[PDB]
There are 2 protein chains.
Amino acid sequence: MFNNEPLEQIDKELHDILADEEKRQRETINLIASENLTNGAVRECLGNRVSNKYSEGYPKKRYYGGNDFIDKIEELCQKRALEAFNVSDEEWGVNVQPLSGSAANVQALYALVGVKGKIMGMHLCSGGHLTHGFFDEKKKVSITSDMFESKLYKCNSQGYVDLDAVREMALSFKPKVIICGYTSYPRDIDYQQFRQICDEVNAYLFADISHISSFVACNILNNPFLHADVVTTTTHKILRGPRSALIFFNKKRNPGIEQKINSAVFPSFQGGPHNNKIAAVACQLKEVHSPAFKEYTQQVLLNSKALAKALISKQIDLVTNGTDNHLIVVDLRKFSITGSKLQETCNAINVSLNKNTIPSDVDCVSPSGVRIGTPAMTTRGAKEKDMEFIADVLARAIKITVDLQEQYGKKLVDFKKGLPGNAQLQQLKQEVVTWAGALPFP
Amino acid sequence: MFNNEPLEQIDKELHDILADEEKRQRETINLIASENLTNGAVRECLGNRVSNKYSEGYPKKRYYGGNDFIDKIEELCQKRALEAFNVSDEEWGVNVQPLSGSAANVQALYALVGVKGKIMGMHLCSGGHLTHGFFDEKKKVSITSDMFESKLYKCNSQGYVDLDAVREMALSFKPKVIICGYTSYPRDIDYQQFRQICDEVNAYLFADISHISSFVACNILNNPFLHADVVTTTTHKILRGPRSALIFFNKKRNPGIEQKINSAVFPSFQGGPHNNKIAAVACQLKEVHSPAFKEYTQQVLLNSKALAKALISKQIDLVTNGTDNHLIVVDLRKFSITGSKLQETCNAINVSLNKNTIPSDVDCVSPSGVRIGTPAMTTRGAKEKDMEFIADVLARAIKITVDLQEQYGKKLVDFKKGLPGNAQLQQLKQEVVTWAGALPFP
Ligand SMILES: Cc1[nH]nc2c1[C@](c1cc(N3CCC(CC(=O)O)CC3)cc(C(F)(F)F)c1)(C(C)C)C(C#N)=C(N)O2
Ligand SMILES: Cc1[nH]nc2c1[C@](c1cc(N3CCC(CC(=O)O)CC3)cc(C(F)(F)F)c1)(C(C)C)C(C#N)=C(N)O2
Ligand SMILES: Cc1ncc(COP(=O)(O)O)c(CNCC(=O)O)c1O
Ligand SMILES: Cc1ncc(COP(=O)(O)O)c(CNCC(=O)O)c1O
Ligand SMILES: [Cl-]
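## Some details on the site of ligand 4
So, point 1. Taken together, 20 residues are adjacent to ligand 4, and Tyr54(A), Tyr64(A), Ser34(B), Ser102(B) and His211(B) come closest.
So, point 2. Residues lining ligand 4 come from chains A and B.
So, point 3. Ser34(B) has a polar side-chain atom sitting 2.4 Å from an oxygen atom of ligand 4.
So, point 4. Against a free-state accessible area of 480 Å², the protein chains account for coverage of 98% of ligand 4.

Printed below as a string of structure tokens:
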């Protein structure tokens, strides 16, 4: 008693918007540092009937019947996760049920510290995430600043994590957890030093490696599994999986954490797992372990180095004057424009990027930069030689943005009136499309 | 720089488990009240490249570029949600970004009362959800009993909601929210009478209609939208959509609730929305509004009545001795067997159900019943005349379970040794598969 007519016939309205979204993705230079494109095998999982199953609990301990094949999928995902990040099932555990990044981080924090527990994370304005305790003087913006007591550590004026400040803060504030691993931080993390500060004050070491996960798994960047008690990560960014998250916990260093983390996920916060996600994660984690994926990940940093280098050669300032990973933050103060403005200008030419704060900015309204990153375009086949072209396009967008500000003024509402019809933007878009639309599309 | 080999080639191991899940689903009598089967159109959306997009925030106010077609999908889903539940976009708003039911309920309660806030909900043992403030004397099982202060109202020994107790509890406890709508409660709700109690102590009226959503939409059961301040609902049960959730808020009765709920979802708890979900929910919400889905929903209650009636005529006791909705709770005390045992017996014959508490039980270990429901089988084309057979299979399961208890004893580990190879279980399984494997499978 159902309708099995295809999507095209059942819902032509929705199907057209998705055919459109598909074309837009195909014809865009995607520089969002947090975005990638999944292969068809991961999209077959997400489409799979396994999402019919309620399977609350953990494998073998299900509150529903008919979970025989679900428990295998869940166990196969856990194994492949522990295998992908080069850790032993003897000392490291993994929960694979968190629905996304922010859910995973709030759950893992809760497990460790409980309500009104004390936590430390990097400031949003300095590169830290919302779920790292972010608040404003005016409001508790993240739940992690309200359901927990949080304190935030700023980076230095050059854009680097100030370990002198972290230690000054940890001794006075005395938190149960210290968060590192970040949302828009272009450099590597000394986890060892974080461990020594955590050990000084008997706080837990929390490393959220969502942005840099692939690098960690492939031993291109520092390994926080050597020092951290908990490691959180999303699966949908550089790792190139579905939208999901993973909580890793260190059993050797903290026995009985397994029960605490598992109980935090369910039944503390979530109910039924999303099994199509779990299936999809499993499929991408087998890819993560291959030598082919290492090659891709290497290409990400190769492209990122080249991109930063080509932007500096065109006199554009970068936060920390470069990058160790997949991402760059462009400081736009020398041009007297904002990232809100450059994001719209880039939206008009099919260049996807996001506004981003910098160290000198006192407000998240009027951010003075944009962040870009290479995972997506590296997935589309772009090489080091291609980065000059992307640098060329970003430079012209900045120049066009200066002109449109000159003509129409600093107000953003006024600035947008400048965008539609602009001949240079039309010629530039045309250039973006012609090149982007040609690349391999998964 | 990717692998576009299909799932079968890239991951034969996983592909075989999913082909196996597919066959199990096809050859099972699914009586899990919370489960359904999604059509191929809903499954195309979940597999769609729209899940590549980071679109944090709300439509027109995105922290990322390239969100033009995503904004159309998110506004189209909101439209179709308000349309489906027969509410005016002037009076009611809807957030469509919650990732699942438990996330939606925690977020909405936060919006309303905040950390340390007071809430009231039905006890788990009486039919209420974990997210309705459930705790135990030992521990705060749900975050909703820890991040909030909760008190729990039980039903009487008859299995019915006791409004005398609710009011008595509300006057003394004075919560800011009162939750109604439930997980395994077989009768309709007097929302109007809940509204009268909420107004007396100036509390919000929270209706969670996840289990009964389709009835509310198609006007077969009471309408909480006439009285409630907030309505939550999952989209993956009787509504027959993807795994997602929806928070409805009454703007007219509570000016300023819109921002407060929209900010609880993001940036308070979640980050990037899962767009494939939103696409999928939009697709099913169009189906919900047709007269054909009303037909399906009517057939759900026709089957439920017949199923209750046919179980009573085989001398099986039901809580409240019947049902007004899609679900029944079988009380198994007279047979001296637990729900755990009957769930295992039923899994050996390809009958999916779940264990469930009843009013007389003091513990959730050793629950005295099981819960069943008709949404899934009604989707597969089963009619009233088919319910006698399901009732007969369940009767035979109960009988077999008493025998297996008699032979191997009360211990559950001992009991399962009895299951493998049993001649009448093989005979019954055979009978289950033959009928189930013949029915329409979306
Ligand atoms: C949207 C989001 N989530 N997590 C983030 C961000 C980022 C971000 C957040 C905000 N927020 C998002 C929530 C907002 C609170 C509200 O809405 O009431 C406070 C500022 C603002 C910006 C930018 F605009 F660039 F300054 C960027 C980026 C990645 C989009 C960010 C930065 N900078 C960092 N560090 O992390
Ligand atoms: C799994 C789950 N989620 N929400 C539910 C349930 C149900 C349920 C929950 C529990 N729980 C789940 C959390 C558990 C807490 C812990 O581990 O520390 C306490 C008992 C136990 C049962 C049953 F076994 F039948 F008694 C049923 C059902 C629908 C599966 C339930 C009941 N009865 C109700 N009312 O709601
Ligand atoms: C370090 C980090 N942690 C957690 C999250 C949360 O992920 P979900 O979006 O799945 O909740 C993000 C999101 N990153 C935002 C961005 O960098 O674009 C992040 O950067
Ligand atoms: C009333 C109610 N509310 C919320 C949820 C949470 O849904 P998620 O599983 O999407 O978190 C459930 C699921 N209850 C499980 C069941 O009845 O089988 C529920 O019954
Ligand atoms: Cl999904």
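Here the narrative resumes, following the displayed structure.
## Side note on a positive patch on the surface
So, point 1. Among the surface-exposed residues, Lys116(A), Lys176(A), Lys260(A), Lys139(B) and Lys140(B) lie close enough to one another that they form a single positively charged patch.
So, point 2. Summarising the element assignment, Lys260(A) is placed in helix 9 (residues 257-269).

## Let's talk about the site of ligand 3
So, point 1. Close to ligand 3 lie 19 residues, the nearest being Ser34(A), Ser102(A), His211(A), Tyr54(B) and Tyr64(B).
So, point 2. Ligand 3 sits at the junction of chains A and B, each of which supplies nearby residues.
So, point 3. The contact in question runs from an oxygen atom of ligand 3 to an N or O atom on the side chain of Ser102(A), over 2.5 Å.
So, point 4. Between ligand 3 and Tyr54(B) there is a distance of 2.4 Å, counted from an oxygen atom to a side-chain nitrogen or oxygen.

## Topic: the side chain of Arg195(A)
So, point 1. Following the sequence through the fold, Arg195(A) ends up in helix 7 (residues 191-201).
So, point 2. Sequence-distant contacts of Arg195(A), defined by excluding residues within four places in its chain, comprise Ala203(A), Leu205(A), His227(A), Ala228(A), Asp229(A) and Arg253(A).

## Considering the relation of the copies chain B and chain A
So, point 1. Aligned on chain A, chain B shows an RMSD of 0.1 Å; the corresponding rotation is 180° and the shift along the axis is 0.0 Å. The symmetry that links the two subunits is that of a two-fold axis. Among all residues of chain B, the one whose C-alpha sits closest to the rotation axis is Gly47(B), at a distance of 2.2 Å.
So, point 2. Counting the interface residues of chain B, we find that 100% of their copies in chain A are interface residues as well, pointing to one common contact surface.

## Points about the side chain of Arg240(B)
So, point 1. Inspection of the secondary structure puts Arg240(B) in the loop between strand 9 (230-234) and strand 10 (245-250).
So, point 2. Judged by its relative accessible area of 3%, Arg240(B) falls in the buried class.
So, point 3. A polar side-chain atom of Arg240(B) sits 3.2 Å from the main-chain carbonyl oxygen of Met1(A).
So, point 4. Residues in contact with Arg240(B), not counting those within four places in the same chain, are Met1(A), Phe2(A), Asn36(B), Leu37(B), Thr235(B), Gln284(B), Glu287(B), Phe293(B), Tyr296(B) and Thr379(B).

## So, the pattern of salt bridges
Residues and elements named next belong to chain B.
So, point 1. Going through the model one piece at a time under the given rule, you end up with 49 salt bridges over all chains.
So, point 2. We note a salt bridge from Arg 24 to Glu 21, for which the minimum N-O separation is 2.7 Å. Of this pair, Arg 24 and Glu 21 both sit in helix 2 (residues 12-26), 3 residues apart, which is roughly one turn of that helix.
So, point 3. Overall, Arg 24 belongs to the buried group, its relative accessible area being 11%.
So, point 4. Judged by its relative accessible area of 0%, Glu 21 falls in the buried class.
So, point 5. Shared partners join several salt bridges into a network, and the residues in it are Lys 314, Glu 388, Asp 392, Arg 396 and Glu 431.

## Some details on the pairing of strand 5 (residues 118-122) of chain B
Two faces, one strand: in a regular strand the side chains alternate between the faces of the sheet.
All names here are of chain B.
So, point 1. With 4 of 5 residues buried, strand 5 lies mostly within the body of the structure.
So, point 2. By the bridge criterion, 5 bridges tie strand 5 to strand 6 (residues 149-153) in an arrangement that is parallel. When the bridges of strand 6 are listed, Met 120 appears paired with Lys 151.
So, point 3. Of the strand pairs in this sheet, strand 5 and strand 7 (residues 177-180) are connected by 2 bridges, and their pairing is parallel. Following the sheet pairing, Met 120 is matched in strand 7 by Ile 178.

## Structural notes on the domain arrangement of chain A
By a widely used convention, the size of an interface equals the accessible area lost when the partners come together.
Residue and element names in this part refer to chain A.
So, point 1. Structurally, chain A comprises domain 1 (11-35 + 299-442) and domain 2 (36-298).
So, point 2. Interface area for domain 1 against domain 2, summed over the two sides, is near 2500 Å², with a carbon-plus-sulfur share of 59%.
So, point 3. Applying the counting criterion to the domain 1 and domain 2 interface returns 1 salt bridge.
So, point 4. Across the salt bridge formed by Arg 187 and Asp 324, the nearest N and O atoms sit 3.1 Å from each other.
So, point 5. Counting across the domain 1 and domain 2 interface gives 22 residue pairs in polar contact.
So, point 6. Only helix 11 (291-313), strand 12 (327-331) and helix 13 (375-379) provide two or more residues apiece to the side of domain 1 that touches domain 2.
So, point 7. For the side of domain 1 that touches domain 2, a count of residues per class yields 14 nonpolar, 13 polar and 5 charged.

## Here we look at the environment of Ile17(B)
So, point 1. Take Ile17(B): it is sitting in helix 2.
So, point 2. On the basis of relative accessible area, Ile17(B) is assigned to the buried category, the value being 11%.
So, point 3. Each C-alpha atom of the pair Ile17(B) and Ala382(B) lies 27 Å from the other, and the pair is 365 residues apart in sequence.
So, point 4. Among all residues touching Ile17(B), those that are not within four sequence positions of it are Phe69(A), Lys72(A), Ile73(A) and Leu76(A).

## Some points on helix 11 (residues 291-313) of chain B
So, point 1. With 23 residues, helix 11 of chain B extends 33 Å from end C-alpha to end C-alpha; this agrees with the ideal 33 Å at 1.5 Å per step.
So, point 2. Phi for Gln315(B), located one or two positions after helix 11 of chain B, is positive at around 55°.

## Thoughts on helix 5 (residues 101-113) of chain B
All names here are of chain B.
So, point 1. Here helix 5 spans 19 Å end to end across 13 residues, near enough to the 18 Å set by a 1.5 Å rise per residue.
So, point 2. In terms of burial, helix 5 is a largely internal element, 12 of the 13 residues being buried.
So, point 3. The first or second residue beyond helix 5 is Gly 114, which carries a positive phi of 70°.

## Some thoughts on the packing of helix 11 of chain A against helix 14 (residues 384-408) of chain A
Residue and element names in this part refer to chain A.
So, point 1. Viewed as axis vectors pointing N to C, helix 11 and helix 14 meet at an angle of 45°, and their least axial separation amounts to 8 Å. Taken as axis vectors, helix 11 and helix 14 run oblique relative to one another. In the packing of helix 11 onto helix 14, the handedness of the crossing is right-handed. Of the residues in helix 14, those in contact with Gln 299, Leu 302, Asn 303, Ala 306, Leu 307, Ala 310 and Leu 311 of helix 11 are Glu 384, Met 387, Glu 388, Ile 390, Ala 391 and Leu 394.
So, point 2. Looking at the contact of helix 11 with helix 14, its residues break down into 9 nonpolar, 2 polar and 2 charged.

## Concerning the pairing of strand 12 of chain A
Residues and elements named next belong to chain A.
So, point 1. The element strand 12 is largely enclosed, with a buried count of 5 among its 5 residues.
So, point 2. Here strand 12 shows two buried faces, one formed by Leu 327, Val 329 and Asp 331 and the other by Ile 328 and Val 330.
So, point 3. Across 2 bridges, strand 11 (residues 317-318) lies against strand 12 in antiparallel orientation. When the bridges of strand 12 are listed, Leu 318 appears paired with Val 330.
So, point 4. The pairing of strand 12 with strand 15 (residues 369-373) spans 5 bridges and is classified as antiparallel. Bridge assignment links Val 329 to a residue of strand 15, and that residue is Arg 371.

## Things to note about unusual backbone geometry
So, point 1. Omega for the peptide link from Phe266(A) to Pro267(A) comes to 5°, which places this bond in the cis form.
So, point 2. By the secondary structure assignment, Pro267(A) is in helix 9.

What counts and what doesn't
- Residues numbered from 1 in each chain as written, not as in the entry; some residues may be left out.
- Chains lettered and ligands numbered in written order.
- Heavy atoms only, no water.
- Near = heavy atom within 4 Å.
- Polar contact = N/O pair within 3.5 Å; in protein donor to acceptor, adjacent residues only side chain to side chain.
- Areas by Shrake-Rupley, 256 points an atom, 1.4 Å probe, with all protein chains shown as cover.
- Patch = residues over 30% accessible without salt bridge, like charges linked within 9 Å, V, L, I, M, F, W, Y side chains within 5 Å.
- Salt bridge = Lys/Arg side-chain N within 4 Å of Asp/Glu carboxyl O.
- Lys, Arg positive; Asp, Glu negative; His and termini not counted.
- Charge placed at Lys NZ, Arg CZ, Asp CG, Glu CD.
- Helix = DSSP H or I, 4+ residues; strand = E, 2+ residues; numbered from the N terminus.
- Contact = heavy atoms within 4.5 Å.
- Least-squares fit on C-alpha atoms.
- Buried < 20%, exposed > 50% of the residue type's maximum accessible area, 1.4 Å probe, protein only.
- Pairing = 2+ DSSP bridges.
- Domains from an automatic or database assignment.
- Buried area = accessible area lost by both parts, 1.4 Å probe.
- Nonpolar A, V, L, I, M, F, W, Y, C, P; charged D, E, K, R; others polar.
- Expected span 1.5 Å × (residues − 1).
- Axes fitted to C-alpha atoms, helices over the stretch in contact; angles between N-to-C directions.
- Parallel < 35°, antiparallel > 145°, perpendicular 65-115°, else oblique.
- Left-handed = near helix turned anticlockwise from the far one by under 90°.

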